[PDB]
file target11.cif (mmCIF, C-alpha atoms and all ligand atoms)
data_entry
loop_
_atom_site.label_atom_id
_atom_site.label_comp_id
_atom_site.auth_asym_id
_atom_site.auth_seq_id
_atom_site.Cartn_x
_atom_site.Cartn_y
_atom_site.Cartn_z
CA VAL D 1 83.67 108.48 198.61
CA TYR D 2 80.79 109.30 200.99
CA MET D 3 82.64 102.11 199.42
CA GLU D 4 84.18 103.85 196.38
CA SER D 5 80.69 104.07 194.86
CA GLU D 6 81.46 107.19 192.79
CA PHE D 7 83.73 107.65 189.77
CA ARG D 8 82.80 111.17 188.64
CA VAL D 9 86.39 111.79 187.51
CA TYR D 10 85.22 111.33 183.91
CA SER D 11 82.03 112.75 182.43
CA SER D 12 81.46 110.75 179.24
CA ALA D 13 82.85 107.81 177.24
CA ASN D 14 84.75 107.51 173.98
CA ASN D 15 86.97 105.25 171.84
CA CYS D 16 88.59 103.64 174.91
CA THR D 17 91.45 102.37 172.78
CA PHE D 18 93.32 100.60 175.60
CA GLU D 19 92.71 99.06 179.01
CA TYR D 20 95.09 97.43 181.47
CA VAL D 21 94.62 95.88 184.91
CA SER D 22 97.17 94.70 187.48
CA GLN D 23 98.11 95.12 191.12
CA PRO D 24 98.56 98.73 192.40
CA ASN D 25 106.64 106.44 203.22
CA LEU D 26 108.40 107.35 199.97
CA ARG D 27 107.07 106.02 196.64
CA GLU D 28 108.88 107.44 193.60
CA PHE D 29 107.52 107.42 190.05
CA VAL D 30 108.91 108.33 186.63
CA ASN V 1 81.02 81.57 167.29
CA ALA V 2 78.37 84.05 168.48
CA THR V 3 74.83 82.72 168.86
CA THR V 4 73.13 85.92 167.66
CA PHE V 5 74.34 88.63 165.28
CA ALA V 6 72.97 92.15 165.15
CA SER V 7 71.16 93.63 162.16
CA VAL V 8 72.97 95.46 159.38
CA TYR V 9 71.66 98.90 160.38
CA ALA V 10 72.62 98.23 164.03
CA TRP V 11 75.85 96.31 163.41
CA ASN V 12 77.84 95.59 166.57
CA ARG V 13 81.61 96.10 166.54
CA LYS V 14 84.20 94.45 168.78
CA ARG V 15 87.78 95.62 169.35
CA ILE V 16 90.63 93.09 169.18
CA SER V 17 93.92 94.05 170.84
CA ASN V 18 96.57 92.77 173.26
CA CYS V 19 96.33 89.13 172.15
CA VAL V 20 97.76 86.57 169.72
CA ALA V 21 96.09 87.14 166.33
CA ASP V 22 95.81 83.52 165.20
CA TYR V 23 93.64 83.85 162.11
CA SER V 24 93.97 80.12 161.37
CA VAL V 25 91.17 79.30 163.82
CA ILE V 26 88.69 81.10 161.55
CA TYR V 27 88.96 78.38 158.90
CA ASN V 28 87.52 75.81 161.33
CA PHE V 29 84.04 77.21 160.66
CA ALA V 30 81.79 76.62 157.67
CA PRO V 31 83.15 77.23 154.14
CA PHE V 32 83.13 80.97 153.52
CA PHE V 33 81.03 82.25 150.63
CA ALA V 34 83.29 85.30 150.26
CA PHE V 35 86.83 85.85 151.51
CA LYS V 36 87.92 88.89 149.51
CA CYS V 37 90.87 90.71 151.08
CA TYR V 38 91.99 94.24 150.24
CA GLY V 39 95.58 95.36 150.73
CA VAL V 40 96.41 92.47 153.05
CA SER V 41 97.06 88.89 151.93
CA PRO V 42 95.21 86.02 153.66
CA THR V 43 98.03 83.58 152.84
CA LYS V 44 100.59 85.33 155.07
CA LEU V 45 98.25 87.35 157.30
CA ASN V 46 99.80 85.85 160.44
CA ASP V 47 103.25 87.08 159.35
CA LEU V 48 102.27 90.76 159.46
CA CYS V 49 101.43 92.81 162.55
CA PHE V 50 98.74 95.42 163.14
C1 LIG E 1 80.47 77.33 167.81
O1 LIG E 1 80.47 76.63 166.56
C2 LIG E 1 80.09 75.25 166.66
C3 LIG E 1 80.25 74.65 165.29
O2 LIG E 1 81.51 74.97 164.72
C4 LIG E 1 78.66 75.15 167.20
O3 LIG E 1 78.31 73.78 167.35
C5 LIG E 1 78.56 75.87 168.54
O4 LIG E 1 77.21 75.88 168.98
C6 LIG E 1 79.06 77.31 168.42
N1 LIG E 1 79.04 77.96 169.71
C7 LIG E 1 77.98 78.63 170.18
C8 LIG E 1 78.14 79.25 171.54
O5 LIG E 1 76.95 78.74 169.53
#

call {"tool": "encode", "arguments": {"input": "target11.cif", "output": "structure tokens"}}
result
Amino acid sequence: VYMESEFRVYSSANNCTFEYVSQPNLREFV
Amino acid sequence: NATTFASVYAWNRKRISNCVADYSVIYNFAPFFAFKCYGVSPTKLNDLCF
């Protein structure tokens, strides 16, 4: 980012079989 | 209910997922010239899951 005008994390596109959208000091994840 | 369909050589495909597959709303359109089903049964299509 130099807002958030770049998404070069991926290079191409494919099937895209699924998509989901929702809301996003210690934050644990499993 | 689309207003314009693509040609046969450039057929457009849409993906259906994460929704309630109510196939009964399809019958509200014009009488179908062909409704041949293979493997699946249109009578109890809503009973199965895919
Ligand atoms: C959907 O189908 C109806 C008839 O069943 C038609 O009058 C209507 O124009 C169609 N919708 C669109 C966006 O064309």

call {"tool": "residues_near_ligand", "arguments": {"input": "target11.cif", "ligand": "ligand LIG 1 (chain E)", "cutoff": "9 Å", "atoms": "all atoms listed in the file", "output": "ChimeraX atom specification"}}
result
/V:1-4,28-30

call {"tool": "closest_atom_pairs", "arguments": {"input": "target11.cif", "of": "chain D", "to": "chain V", "cutoff": "12 Å", "atoms": "all atoms listed in the file", "output": "CSV"}}
result
residue,atom,partner,partner_atom,distance
D:15,CA,V:15,CA,10.0
D:16,CA,V:15,CA,9.8
D:17,CA,V:15,CA,8.4
D:18,CA,V:17,CA,8.1
D:19,CA,V:18,CA,9.4
D:20,CA,V:18,CA,9.6

call {"tool": "atom_distance", "arguments": {"input": "target11.cif", "atom1": "CA of residue 21 (chain D)", "atom2": "CA of residue 7 (chain D)"}}
result
16.8 Å

call {"tool": "atom_distance", "arguments": {"input": "target11.cif", "atom1": "CA of residue 23 (chain V)", "atom2": "CA of residue 45 (chain V)"}}
result
7.5 Å

call {"tool": "atom_distance", "arguments": {"input": "target11.cif", "atom1": "CA of residue 26 (chain V)", "atom2": "CA of residue 47 (chain V)"}}
result
15.9 Å
